[PDB]
């Protein structure tokens, strides 16, 4: 069997301003690898993860299940503006080692005040569109 070895997941969160959430928003599960056997999701802390990131939105890629032991993968997160352009990109500098149940991401992905300022056009109609591009280098 062949494998989906790179993939891009687009996720829109409606009414983001009214996200009454350390509380997590979880995306749908999406699949990768051979026979859809690698399962992933995105997880968002809209008000931060811990106290040191209260001013930020945190965003993580989580490996939900995998057939073997480890998966090594590079990943990139970005926000799509109204024009569909990628902006505020952050990417792993290297492949990270994932095992079933483990996440990797950015506690300080983006400042809340920057995200909430309408002049930056990142919440058109109160909608946050995240973009996650993954490249699996092993498994």
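Numbering follows the first chain given and starts at 1.
**Student:** Is residue 27 one of the residues left unmodelled in a third or more of the other entries compared?
**Tutor:** Across the other compared entries, residue 27 is absent from none.
**Student:** Classify the number of deposited-sequence residues missing from the model between residue 21 and residue 22: none, 1 to 3, 4 to 9, or 10 or more.
**Tutor:** 1 to 3 residues lack coordinates between residue 21 and residue 22.
**Student:** Which is higher in the entry, the mean Cα B factor of 114-122 or that of 6-14?
**Tutor:** Result of the comparison: 114-122.
**Student:** 97-105 versus 35-43: which one carries the higher mean Cα B factor per the record?
**Tutor:** Looking at the recorded C-alpha B-factors, 97-105 comes out higher on average.
**Student:** For the C-alpha B-factor as written in the entry, point me to the maximum among 28, 65, 78, 53.
**Tutor:** Reading the PDB entry, the winner on C-alpha B-factor is 53.
**Student:** Would you mind checking where the Cα B-factor of residue 58 ranks among the modelled residues of its chain, as the lowest, middle or highest third?
**Tutor:** Lowest third - that is where residue 58 ends up once the chain's C-alpha B-factors are sorted.
**Student:** Using the B-factor values recorded in the entry, state whether the Cα atom of residue 72 falls in the lowest, middle or highest third among the modelled residues of its chain.
**Tutor:** Middle third of the chain for residue 72's C-alpha B-factor.
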